[PDB]
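Peer 1: Sharing a structure below in structure tokens format, with a few things to ask.
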Amino acid sequence: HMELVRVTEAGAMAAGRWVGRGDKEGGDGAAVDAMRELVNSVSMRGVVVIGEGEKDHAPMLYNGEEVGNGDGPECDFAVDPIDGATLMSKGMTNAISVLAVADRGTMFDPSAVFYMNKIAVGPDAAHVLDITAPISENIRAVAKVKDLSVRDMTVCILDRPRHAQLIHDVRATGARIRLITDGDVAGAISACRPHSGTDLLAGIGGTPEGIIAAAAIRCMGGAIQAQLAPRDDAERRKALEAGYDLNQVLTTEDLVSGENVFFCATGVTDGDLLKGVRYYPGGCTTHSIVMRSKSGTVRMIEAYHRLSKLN
Amino acid sequence: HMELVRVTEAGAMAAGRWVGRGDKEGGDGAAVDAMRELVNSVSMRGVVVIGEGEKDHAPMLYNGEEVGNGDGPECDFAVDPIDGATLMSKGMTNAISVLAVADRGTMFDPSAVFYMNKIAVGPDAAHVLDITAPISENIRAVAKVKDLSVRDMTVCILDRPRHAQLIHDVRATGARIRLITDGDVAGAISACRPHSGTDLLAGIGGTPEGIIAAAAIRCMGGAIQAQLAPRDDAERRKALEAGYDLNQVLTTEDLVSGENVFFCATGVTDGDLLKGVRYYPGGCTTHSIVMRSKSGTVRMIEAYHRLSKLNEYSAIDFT
Amino acid sequence: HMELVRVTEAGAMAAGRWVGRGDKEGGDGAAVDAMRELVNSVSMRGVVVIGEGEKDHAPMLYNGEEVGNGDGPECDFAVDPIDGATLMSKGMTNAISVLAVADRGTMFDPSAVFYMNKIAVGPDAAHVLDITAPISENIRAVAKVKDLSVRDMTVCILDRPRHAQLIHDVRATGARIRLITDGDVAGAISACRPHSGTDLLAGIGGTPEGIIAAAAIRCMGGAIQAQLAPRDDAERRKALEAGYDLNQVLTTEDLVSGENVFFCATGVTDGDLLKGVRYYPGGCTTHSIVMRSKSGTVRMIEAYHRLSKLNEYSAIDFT
Amino acid sequence: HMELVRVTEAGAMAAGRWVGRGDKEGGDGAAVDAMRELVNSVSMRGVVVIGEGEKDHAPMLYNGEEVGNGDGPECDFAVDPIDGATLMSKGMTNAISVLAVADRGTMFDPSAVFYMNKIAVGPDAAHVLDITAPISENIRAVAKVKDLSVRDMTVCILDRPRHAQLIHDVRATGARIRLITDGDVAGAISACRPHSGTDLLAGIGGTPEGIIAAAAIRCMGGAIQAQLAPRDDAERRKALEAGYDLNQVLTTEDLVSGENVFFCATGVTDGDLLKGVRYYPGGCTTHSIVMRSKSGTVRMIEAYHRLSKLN
Ligand SMILES: O=P(O)(O)OC[C@H]1O[C@](O)(CO)[C@@H](O)[C@@H]1O
Ligand SMILES: O=P(O)(O)OC[C@H]1O[C@](O)(CO)[C@@H](O)[C@@H]1O
Ligand SMILES: O=P(O)(O)OC[C@H]1O[C@](O)(CO)[C@@H](O)[C@@H]1O
Ligand SMILES: O=P(O)(O)OC[C@H]1O[C@](O)(CO)[C@@H](O)[C@@H]1O
Ligand SMILES: [Mg+2]
Ligand SMILES: [Mg+2]
Ligand SMILES: [Mg+2]
Ligand SMILES: [Mg+2]
Ligand SMILES: [Mg+2]
Ligand SMILES: [Mg+2]
């Protein structure tokens, strides 16, 4: 199962050639393409539940597309070739290539509501989370558990007009903020890894990114909590007549409930978790993380690829 | 004089409490204050040549202020408490706290003109620059002298409307661009250090920032070329009235001329060279670089600061 | 087939509990057992070509034993549970757990003779070796082809009475020696990897160890040359009776000939390549290398093993 | 005061040229020589209390030799150009170049007894140490504090016939052992640093090395305890009529009692704390640690020295 790392390795190597060239679609589509090629060489029966979208506007890794050898139990397949293609195109930090796999039918439905509100923290402080409490009370309880003062805390938040109130409320408590322009899968995993410089992720981001992060959290530990975030009353009603209680707090296991979860990622640009891909004459080096829920084993994998063998 | 790193460590630690708090002046002010206190306890006599500004719009580290306990040969002093207070106040990457020292009277005057066109590269390509040439020609010349493909080169550039043509021209060359929103001292240093991922810095930034980057380039090797870049005709005459040859190409040694040059910097937020201030139960870590032109020795310094108490908190691991 | 790294991780973790406990056979036995269990759950069909020994003096991983769940193309299997049980049992540096796999019938027979004279180097100097020449000549040839000074070269050598002349000759050359007390699979790999600090391995060690080192060198690049080294006339005829040309120079591909070669290793104690097993409240870390000749891809793998429970212990940081 | 790192940098660079050349005295004396040259360029008034020995058999850094500029308060100077010159000469790991400085008269007398029995552990478990208890009880109490099982513990012990009983007793408890052929300054500092792989140092080693280690422990935290270890009844009587209670447990502050302690070290060969010196065409890189008791600041310093500037 470790062999699934070659999928994000291939995605990151493809996107790595487009880093800093200012073409979002070029790099994104090249990563999609390398990953779809490599996943269909892998001994698995998978169905894309999270990918590039519906087949009418996404030719590759559309929702429902079957992937893999064809061998093995059919399972849920979530893929994010680049978590924030703009970071890749501008040469910014913390762009990652991501993939998760769970038991079929155990990944929360990514299409119910576009956005969800999120909070995430690592294993030491996971027990104190309450996304219905004000962010200030989450910060103080998390800080006390970590033996930090509140002014030592660092909260990762997407830089968005919608987060003006949240940003104001975090600042009022005294904690530092790490504003990111994109990439709250990376932000969420960083909140849960030790000595990353990020102690907490908060705010609204993509529902599919919330499920991908939960897959990671299932394997490495920590918690994410979420609540669906209808944009308008239309999506609010669509959600209610799909069956959802909007007072409902989703825990990690509500987003990904399988017993067999797999997650891996490979760095595209340098981030606070993974170094970006580096190209050399002889080849190139990728930096990846790989993890499984059943063992709880976490692997850091640095790979030196030899494409050719020069004079 | 490794002790001067404590100036940037103090400035970074002070600014660390303001990261992401959306108050650029609070953070600068905190950094300014901490650096001034620490600099007046070191055994240098210095005059602030590059600082906050002039005696009236800047209450601390103003141009001309004396710094240091009192003893030592009088020397030129340059400090940038945060290179890009906005990276600090939003919690974005590559904010650093910067200090440079050089022999007295050896630093280019930073009030000549506000802005300066720049191009900087590391030692491998240091004799190949021509800032009067178009960027395409510079990229090609630097690529060939490093036996690299143009499509493999990365240019660091400030993301500004004034750089629409420069950015287009780098891209049409086939080179890559790392777009920064602020911080071309850090970008200049990143270009000059060998295995950084950045081959080149180009574009118009602040004149004081250009001179500080020159001090670092003096110690670590490489070159920067620059020209003054007046913003309108009033400034062009303001400069010309002062005797400036607005066609002169300024080199590294034009900006900082002495043979005793010192540079150090400390990470405020995480960057491509220095990690930012990291907080722990017992204290914090800072990540600094210290450089000296006389010897050419470069030092990467990682420090744990106990805030405070002698083993009442667990031990912390580094790097 | 990255899954095979779990074989050496299991062997290292088992041996980890015996480090410094002064019981070489307990540690080997623990490692042997753990590797056999884990290897029989992977999807290979293999025959043990290099293992503990013959069916009667070795109860587990004996020569000829079949391994793997049952499916897969039959292939050659080499395992060294600890390369130097004595480094393990005293808690000294550079103990590793080793596995190699190659196409069936492609591994040199390890019972031909117990010992083998060896010299190994990385890809830069791979065509310059001559094991029939004196070491002085080899050191000089390797130095020149890497544009290095002889006085800068480092030779890894087993500390043995039988190596008094070899050691003297390296020293008189002006080269350096890293003296190891055991472990010339690790020494061979250290010589072959580029920026390791070791330029060369030389001397007589075990024949099975030479073949395992060849499998790694097949994947990562470089060369080993060897000759069989009988310990007395009885063994010389024992070899010669078997059809061995005791004057043949064996190369890398003589020892391991297939085109599908796999090698992986895991640190038991801390070494110049792999960290040893490290223990934590929630579990342990292992440090492995995995290599494949077909693609030439080299993987450094750091793993945290939860022993056990899902977030009941603090998070651990790596590398 | 950080400028004192250049003394161990110079010692390690000098010894670094002799690494792996099989000449103990060559490398040792070259390190002594580089360090004595560089210390006399430093603004300090110092007197060698720990060095190469008495002046009749040690020309440089003998006991009582005055070192430094001559400027500043006179202080205690302890130096160990290489902690185990055999490691340097054979190309073995964990050879370090070491220097400590304290207030004059505050370093315990290195010449009273040749050997002392030692135990050392880091800041988290320092409070449980009792060198008069059996080693097994120290191991279990240290393990419990660290939240480790006893089989997770690793004890550093000098490989010596005198330690046969200790080695047997540690093995009987179930803990692992890291046997070192030389260098229990390095062993002691490693026991006190986190994530070094060593959790405890135990056994008898040189009294001067015990005082140098205590200097380090004064700055970084942890504890060392010691008891003098007379070889014979002669040294036992010499110690008694010098005034020493041999039932006395020496704590860290009994070995180095100043309020102003400084300690630094530079790696000679690669160790579990510091990388060894690496030589390049342009120059060389040293790896050092520097620490002060009054602030408790610990610095890791990687230096890239440019001796020349080639074609
Ligand atoms: O850009 P939006 O619409 O605010 O949505 C945020 C989402 O976009 C991304 O930044 C990139 O697609 C995700 O990481 C994040 O969840
Ligand atoms: O922000 P401006 O006015 O375009 O000028 C750029 C200057 O500002 C900074 O980004 C920070 O003040 C400097 O690094 C740079 O020299
Ligand atoms: O110990 P001997 O008999 O000299 O042979 C050396 C062999 O022993 C080992 O050191 C460990 O058994 C091997 O690495 C090496 O091949
Ligand atoms: O070699 P001995 O006499 O047992 O003494 C041990 C001492 O020798 C050293 O290994 C090197 O001088 C010290 O680290 C240690 O304290
Ligand atoms: Mg995304
Ligand atoms: Mg600035
Ligand atoms: Mg560079
Ligand atoms: Mg062996
Ligand atoms: Mg090598
Ligand atoms: Mg010593």
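Think of each number as a place in line: the chain as shown, counted from 1.
Structure determined by X-ray crystallography, 2.3 Å.
Every residue, even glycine, has its Cβ placed from backbone N, Cα and C.
Pulled the feature table from Swiss-Prot, pasting it below:
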type: BINDING; residues: B:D28, B:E52; note: Mn(2+) 1 binding site
type: BINDING; residues: B:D80, B:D83, B:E209; note: Mn(2+) 2 binding site
Peer 1: Check each residue in the chain of B:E52 (Mn(2+) 1 binding site) that is at least six apart in sequence and keep those whose C-beta is under 8 Å from its C-beta; list them in sequence order.
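Peer 2: Once residues fewer than 6 apart are set aside, B:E52 (Mn(2+) 1 binding site) is near B:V32, B:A58, B:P59, B:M60, B:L61, B:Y62, B:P81.
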Peer 1: Residues other than B:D80, B:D83, B:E209 within 8 Å, Cβ to Cβ centroid, of the Mn(2+) 2 site?
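Peer 2: Same chain, not in B:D80, B:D83, B:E209, Cβ within 8 Å: B:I82, B:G84, B:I96, B:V98, B:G183, B:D184, B:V185, B:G206, B:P208, B:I212, B:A213.
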Peer 1: Any idea what the Cα distance is from B:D80 (Mn(2+) 2 binding site) over to B:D28 (Mn(2+) 1 binding site), rounded to a whole Å?
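Peer 2: Rounded to the nearest whole number, the Cα-Cα distance is 9 Å.
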Peer 1: Under a criterion of Cβ-Cβ distance under 8 Å and sequence separation of at least 6, what residues of the same chain contact B:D28 (Mn(2+) 1 binding site)?
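Peer 2: For B:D28 (Mn(2+) 1 binding site), the qualifying residues are B:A15, B:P81, B:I82, B:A85, B:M88.
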Peer 1: 10 Å Cβ neighbour count around B:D80 (Mn(2+) 2 binding site)?
Peer 2: 30
Peer 1: Provide the three-state secondary structure of B:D28 (Mn(2+) 1 binding site) computed with DSSP.
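Peer 2: Where B:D28 (Mn(2+) 1 binding site) sits, the three-state DSSP reduction gives helix.
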Peer 1: Starting from the Cβ of B:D83 (Mn(2+) 2 binding site), draw a 10 Å sphere and report how many other Cβ atoms land inside it.
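Peer 2: I get 27 for this one.
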Peer 1: Check the DSSP secondary structure of B:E209 (Mn(2+) 2 binding site), expressed as helix, strand or coil.
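Peer 2: Reduced to three states, the DSSP call for B:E209 (Mn(2+) 2 binding site) is helix.
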Peer 1: When the Cβ positions of the binding-site residues B:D28, B:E52, B:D80 are compared with the atoms of ligand 6, which fall under 6 Å?
Peer 2: B:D80
Peer 1: With Cβ-Cβ distance below 8 Å and at least 6 positions apart along the chain, what are the contacts of B:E209 (Mn(2+) 2 binding site)? List them in sequence order.
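Peer 2: In sequence order, B:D80, B:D83, B:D184, B:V185, B:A188 meet the Cβ cut-off.
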Peer 1: Which binding-site residues from the set B:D28, B:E52, B:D80, B:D83, B:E209 have a C-beta atom lying less than 6 Å away from ligand 2?
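Peer 2: What lies within reach of ligand 2, judged by Cβ under 6 Å, is B:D83, B:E209.
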